[PDB]
Amino acid sequence: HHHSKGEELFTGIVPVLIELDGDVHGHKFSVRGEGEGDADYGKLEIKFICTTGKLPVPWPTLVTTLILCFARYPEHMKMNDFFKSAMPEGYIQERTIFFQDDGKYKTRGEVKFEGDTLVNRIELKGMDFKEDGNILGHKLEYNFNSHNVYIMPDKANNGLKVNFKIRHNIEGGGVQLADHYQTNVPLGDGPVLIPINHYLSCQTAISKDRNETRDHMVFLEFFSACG
């Protein structure tokens, strides 16, 4: 490794802990995720549990909120890997996600090492949602399509501006758009890699655990940097 010290933290399998605090339309909920990341493979394997009971939104609408440091950057692209460069002190990731003809998520997380573990600690607020819309009415299929994530430098803030659209299939036919606006800024003082325009290619498989009695999501994701 020769472009950032933080890259060295991602050799082999890294434990992952995700803690999400949410509040949408008067419904408070918590999600806890535990799993492993293999950045050399761009692979995540996580199981998520709603620790507060029933999730009051569809699991697919939380995927993007619930760690881009696990992307596979090919050698010729590794100079562009902001996410690993910020480690171990990590980065703030902030989004507004606009659901077309419905409400928005406002999210803010810290992604950083806590000892051996890569942690995403994140808050979500859901504003202006329709009680009978596709989100609060649970009208979205239990799946997640392939998407590209568009990364741009933000030299002014020593970080990133990121944008992409998620297409959520509606039960019975139709697509619900979720427009993602994102920023990343470092938490620490160390040097970071400010990239050129590039994108991540993201494949996701969500499933259920036969044995699990809690509201939950089994999660498999592969993502790669392309330029």
# chains A, B, ... in the order shown; residues from 1 in each chain; ligands from 1
$ residues_around --residues "residue 83 (chain A)" --least-positions-apart "3" --cutoff "9 Å" --atoms "only C-alpha atoms" --output "PDB file with N, CA, C and O atoms, in the first residue's frame"
ATOM      1  N   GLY A   6      -4.229   4.652   5.944  1.00  0.00           N
ATOM      2  CA  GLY A   6      -5.515   4.073   6.364  1.00  0.00           C
ATOM      3  C   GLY A   6      -5.866   2.831   5.557  1.00  0.00           C
ATOM      4  O   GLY A   6      -6.609   2.000   6.105  1.00  0.00           O
ATOM      5  N   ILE A  67     -21.077   2.464   4.330  1.00  0.00           N
ATOM      6  CA  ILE A  67     -19.684   2.307   4.778  1.00  0.00           C
ATOM      7  C   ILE A  67     -18.836   2.112   3.518  1.00  0.00           C
ATOM      8  O   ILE A  67     -18.373   0.974   3.263  1.00  0.00           O
ATOM      9  N   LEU A  68     -18.602   3.207   2.780  1.00  0.00           N
ATOM     10  CA  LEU A  68     -18.039   3.173   1.397  1.00  0.00           C
ATOM     11  C   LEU A  68     -16.528   2.903   1.455  1.00  0.00           C
ATOM     12  O   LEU A  68     -15.914   2.657   0.414  1.00  0.00           O
ATOM     13  N   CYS A  69     -15.952   2.949   2.646  1.00  0.00           N
ATOM     14  CA  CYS A  69     -14.550   2.548   2.904  1.00  0.00           C
ATOM     15  C   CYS A  69     -14.315   1.085   2.503  1.00  0.00           C
ATOM     16  O   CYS A  69     -13.119   0.693   2.411  1.00  0.00           O
ATOM     17  N   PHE A  70     -15.356   0.269   2.296  1.00  0.00           N
ATOM     18  CA  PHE A  70     -15.184  -1.167   1.945  1.00  0.00           C
ATOM     19  C   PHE A  70     -15.194  -1.365   0.428  1.00  0.00           C
ATOM     20  O   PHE A  70     -15.069  -2.510   0.016  1.00  0.00           O
ATOM     21  N   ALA A  71     -15.275  -0.289  -0.374  1.00  0.00           N
ATOM     22  CA  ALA A  71     -15.196  -0.371  -1.849  1.00  0.00           C
ATOM     23  C   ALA A  71     -13.861  -0.997  -2.262  1.00  0.00           C
ATOM     24  O   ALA A  71     -12.821  -0.675  -1.666  1.00  0.00           O
ATOM     25  N   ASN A  80      -7.596   7.745  -5.383  1.00  0.00           N
ATOM     26  CA  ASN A  80      -8.928   8.377  -5.400  1.00  0.00           C
ATOM     27  C   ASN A  80      -9.718   7.902  -4.169  1.00  0.00           C
ATOM     28  O   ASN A  80     -10.856   8.326  -4.021  1.00  0.00           O
ATOM     29  N   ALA A  86      -9.079   8.540   5.300  1.00  0.00           N
ATOM     30  CA  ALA A  86      -9.566   9.241   6.512  1.00  0.00           C
ATOM     31  C   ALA A  86      -9.439   8.367   7.757  1.00  0.00           C
ATOM     32  O   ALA A  86      -9.689   8.878   8.886  1.00  0.00           O
ATOM     33  N   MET A  87      -9.150   7.076   7.586  1.00  0.00           N
ATOM     34  CA  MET A  87      -9.108   6.121   8.701  1.00  0.00           C
ATOM     35  C   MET A  87      -7.732   6.198   9.363  1.00  0.00           C
ATOM     36  O   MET A  87      -6.757   6.589   8.712  1.00  0.00           O
ATOM     37  N   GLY A  90     -11.651   8.712  10.714  1.00  0.00           N
ATOM     38  CA  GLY A  90     -12.908   8.461   9.989  1.00  0.00           C
ATOM     39  C   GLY A  90     -13.466   9.706   9.356  1.00  0.00           C
ATOM     40  O   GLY A  90     -12.712  10.674   9.159  1.00  0.00           O
ATOM     41  N   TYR A  91     -14.762   9.701   9.030  1.00  0.00           N
ATOM     42  CA  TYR A  91     -15.375  10.825   8.296  1.00  0.00           C
ATOM     43  C   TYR A  91     -16.833  10.928   8.715  1.00  0.00           C
ATOM     44  O   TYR A  91     -17.407   9.923   9.160  1.00  0.00           O
ATOM     45  N   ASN A 184     -19.159  14.054   2.481  1.00  0.00           N
ATOM     46  CA  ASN A 184     -18.205  13.424   3.412  1.00  0.00           C
ATOM     47  C   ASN A 184     -17.122  14.452   3.744  1.00  0.00           C
ATOM     48  O   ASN A 184     -16.584  15.070   2.772  1.00  0.00           O
ATOM     49  N   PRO A 186     -13.611  14.828   6.654  1.00  0.00           N
ATOM     50  CA  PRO A 186     -12.838  14.087   7.646  1.00  0.00           C
ATOM     51  C   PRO A 186     -13.149  14.508   9.083  1.00  0.00           C
ATOM     52  O   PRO A 186     -13.482  15.657   9.330  1.00  0.00           O
ATOM     53  N   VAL A 192      -5.695  13.387   3.751  1.00  0.00           N
ATOM     54  CA  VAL A 192      -6.746  12.578   3.060  1.00  0.00           C
ATOM     55  C   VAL A 192      -6.500  12.666   1.552  1.00  0.00           C
ATOM     56  O   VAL A 192      -5.722  13.560   1.112  1.00  0.00           O
ATOM     57  N   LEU A 193      -7.049  11.720   0.800  1.00  0.00           N
ATOM     58  CA  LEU A 193      -6.971  11.683  -0.673  1.00  0.00           C
ATOM     59  C   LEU A 193      -8.214  12.389  -1.219  1.00  0.00           C
ATOM     60  O   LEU A 193      -9.355  11.922  -0.969  1.00  0.00           O
TER      61      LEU A 193
END
$ select_by_dssp --residues "region 10-198 of chain A" --states "strand (DSSP E or B)" --output "ChimeraX atom specification"
/A:14-24,27-38,43-50,72,91-99,104-114,117-127,140,147-154,159-170,175-186,198
$ write_last_selection --atoms "C-alpha atoms" --output "mmCIF file, in the first residue's frame"
data_model
loop_
_atom_site.group_PDB
_atom_site.id
_atom_site.type_symbol
_atom_site.label_atom_id
_atom_site.label_comp_id
_atom_site.auth_asym_id
_atom_site.auth_seq_id
_atom_site.Cartn_x
_atom_site.Cartn_y
_atom_site.Cartn_z
ATOM 1 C CA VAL A 14 -12.616 -6.191 9.207
ATOM 2 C CA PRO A 15 -15.478 -6.487 11.770
ATOM 3 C CA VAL A 16 -18.377 -4.038 11.147
ATOM 4 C CA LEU A 17 -20.844 -2.540 13.664
ATOM 5 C CA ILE A 18 -23.739 -0.344 12.464
ATOM 6 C CA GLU A 19 -25.992 1.581 14.898
ATOM 7 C CA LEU A 20 -28.905 3.582 13.436
ATOM 8 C CA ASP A 21 -31.250 5.781 15.510
ATOM 9 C CA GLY A 22 -34.312 6.782 13.475
ATOM 10 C CA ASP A 23 -37.405 8.937 13.932
ATOM 11 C CA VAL A 24 -39.973 9.069 11.050
ATOM 12 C CA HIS A 27 -42.085 6.474 15.106
ATOM 13 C CA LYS A 28 -38.709 6.047 16.895
ATOM 14 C CA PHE A 29 -36.695 2.938 15.957
ATOM 15 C CA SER A 30 -33.183 1.511 16.319
ATOM 16 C CA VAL A 31 -31.326 -0.815 13.912
ATOM 17 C CA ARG A 32 -28.181 -2.730 14.931
ATOM 18 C CA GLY A 33 -26.033 -4.375 12.184
ATOM 19 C CA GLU A 34 -23.115 -6.822 12.762
ATOM 20 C CA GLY A 35 -20.918 -8.372 10.120
ATOM 21 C CA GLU A 36 -17.653 -8.203 8.197
ATOM 22 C CA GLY A 37 -16.042 -6.262 5.323
ATOM 23 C CA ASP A 38 -13.394 -7.518 2.833
ATOM 24 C CA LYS A 43 -17.597 -7.262 -0.105
ATOM 25 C CA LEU A 44 -19.982 -6.667 2.870
ATOM 26 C CA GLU A 45 -21.853 -9.413 4.799
ATOM 27 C CA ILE A 46 -24.032 -7.913 7.587
ATOM 28 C CA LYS A 47 -27.160 -8.967 9.463
ATOM 29 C CA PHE A 48 -29.374 -6.068 10.607
ATOM 30 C CA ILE A 49 -31.986 -6.275 13.403
ATOM 31 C CA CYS A 50 -34.642 -3.723 14.363
ATOM 32 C CA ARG A 72 -12.629 -2.249 -3.976
ATOM 33 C CA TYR A 91 -15.375 10.825 8.296
ATOM 34 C CA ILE A 92 -18.836 12.349 8.698
ATOM 35 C CA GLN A 93 -21.313 11.210 6.034
ATOM 36 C CA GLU A 94 -24.384 13.387 5.656
ATOM 37 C CA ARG A 95 -27.322 12.926 3.275
ATOM 38 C CA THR A 96 -30.735 14.238 2.345
ATOM 39 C CA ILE A 97 -32.700 11.501 0.535
ATOM 40 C CA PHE A 98 -35.779 12.880 -1.346
ATOM 41 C CA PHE A 99 -38.546 10.270 -1.985
ATOM 42 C CA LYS A 104 -37.250 12.917 2.915
ATOM 43 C CA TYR A 105 -34.598 11.289 5.106
ATOM 44 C CA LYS A 106 -31.982 13.559 6.723
ATOM 45 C CA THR A 107 -29.041 11.410 7.888
ATOM 46 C CA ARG A 108 -25.739 12.114 9.648
ATOM 47 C CA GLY A 109 -23.238 9.411 10.609
ATOM 48 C CA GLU A 110 -19.661 8.971 11.774
ATOM 49 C CA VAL A 111 -17.783 6.120 10.011
ATOM 50 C CA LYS A 112 -14.575 5.362 11.965
ATOM 51 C CA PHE A 113 -12.535 2.669 13.740
ATOM 52 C CA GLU A 114 -13.426 1.961 17.397
ATOM 53 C CA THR A 117 -14.101 -2.524 14.537
ATOM 54 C CA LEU A 118 -15.304 -0.285 11.663
ATOM 55 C CA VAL A 119 -18.397 1.493 13.111
ATOM 56 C CA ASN A 120 -21.151 3.462 11.336
ATOM 57 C CA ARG A 121 -23.060 5.419 14.096
ATOM 58 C CA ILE A 122 -25.931 7.207 12.328
ATOM 59 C CA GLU A 123 -29.074 9.271 13.041
ATOM 60 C CA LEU A 124 -32.033 9.463 10.637
ATOM 61 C CA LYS A 125 -34.995 11.894 10.615
ATOM 62 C CA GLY A 126 -37.916 11.307 8.253
ATOM 63 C CA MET A 127 -39.741 14.599 7.463
ATOM 64 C CA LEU A 140 -41.995 -1.467 -1.672
ATOM 65 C CA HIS A 147 -26.799 1.451 -8.755
ATOM 66 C CA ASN A 148 -23.804 3.700 -9.543
ATOM 67 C CA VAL A 149 -22.629 6.241 -6.933
ATOM 68 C CA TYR A 150 -21.171 9.503 -8.333
ATOM 69 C CA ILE A 151 -18.223 10.919 -6.342
ATOM 70 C CA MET A 152 -16.796 14.453 -6.846
ATOM 71 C CA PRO A 153 -14.104 16.265 -4.865
ATOM 72 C CA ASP A 154 -15.114 19.146 -2.559
ATOM 73 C CA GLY A 159 -13.955 16.169 1.385
ATOM 74 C CA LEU A 160 -16.554 14.870 -1.102
ATOM 75 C CA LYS A 161 -19.889 15.726 -2.761
ATOM 76 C CA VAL A 162 -21.774 12.542 -3.789
ATOM 77 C CA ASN A 163 -25.079 12.086 -5.672
ATOM 78 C CA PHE A 164 -27.109 9.142 -7.077
ATOM 79 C CA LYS A 165 -30.730 8.005 -7.575
ATOM 80 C CA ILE A 166 -32.089 4.752 -6.054
ATOM 81 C CA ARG A 167 -35.010 3.093 -7.917
ATOM 82 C CA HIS A 168 -37.165 1.147 -5.364
ATOM 83 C CA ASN A 169 -39.629 -1.315 -7.061
ATOM 84 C CA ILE A 170 -43.241 -0.839 -5.789
ATOM 85 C CA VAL A 175 -40.649 2.667 -9.364
ATOM 86 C CA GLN A 176 -40.271 4.958 -6.322
ATOM 87 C CA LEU A 177 -37.243 7.289 -6.798
ATOM 88 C CA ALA A 178 -35.049 8.240 -3.786
ATOM 89 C CA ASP A 179 -32.722 11.131 -4.858
ATOM 90 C CA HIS A 180 -29.497 11.042 -2.719
ATOM 91 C CA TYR A 181 -27.446 14.184 -1.985
ATOM 92 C CA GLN A 182 -24.355 13.368 0.095
ATOM 93 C CA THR A 183 -21.285 14.970 1.743
ATOM 94 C CA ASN A 184 -18.205 13.424 3.412
ATOM 95 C CA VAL A 185 -15.709 15.448 5.516
ATOM 96 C CA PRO A 186 -12.838 14.087 7.646
ATOM 97 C CA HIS A 198 -15.367 8.729 -10.454
#
$ select_by_dssp --residues "region 29-108 of chain A" --states "alpha helix (DSSP H)" --output "short mmCIF file (atom, residue, chain, number, x, y, z; two decimals) with C-alpha atoms, in the first residue's frame"
data_model
loop_
_atom_site.label_atom_id
_atom_site.label_comp_id
_atom_site.auth_asym_id
_atom_site.auth_seq_id
_atom_site.Cartn_x
_atom_site.Cartn_y
_atom_site.Cartn_z
CA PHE A 82 -10.87 9.25 0.25
CA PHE A 83 -12.84 6.82 2.45
CA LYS A 84 -9.88 4.62 3.55
CA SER A 85 -7.47 7.66 3.67
#
$ atom_distance --atom1 "CA of residue 25 (chain A)" --atom2 "CA of residue 51 (chain A)"
18.5 Å
$ closest_residue --among "A:54, A:7, A:195, A:173" --to "residue 213 (chain A)" --atoms "only C-alpha atoms"
A:54
$ atom_distance --atom1 "CA of residue 13 (chain A)" --atom2 "CA of residue 224 (chain A)"
16.7 Å
$ atom_distance --atom1 "CA of residue 226 (chain A)" --atom2 "CA of residue 207 (chain A)"
27.1 Å
$ closest_atom_pairs --of "region 128-177 of chain A" --to "region 57-62 of chain A" --cutoff "10 Å" --atoms "only C-alpha atoms" --output "tab-separated table"
residue	atom	partner	partner_atom	distance
A:134	CA	A:58	CA	8.8
A:135	CA	A:57	CA	5.6
A:136	CA	A:57	CA	5.6
A:137	CA	A:57	CA	7.9
A:138	CA	A:58	CA	5.6
A:139	CA	A:58	CA	7.9
A:140	CA	A:58	CA	6.7
A:141	CA	A:60	CA	8.0
A:142	CA	A:60	CA	6.5
A:143	CA	A:60	CA	6.5
A:144	CA	A:60	CA	6.4
A:145	CA	A:60	CA	9.8
A:166	CA	A:61	CA	9.0
A:168	CA	A:60	CA	7.5
A:169	CA	A:60	CA	9.6
$ closest_residue --among "A:56, A:222, A:89, A:171" --to "residue 203 (chain A)" --atoms "only C-alpha atoms"
A:222
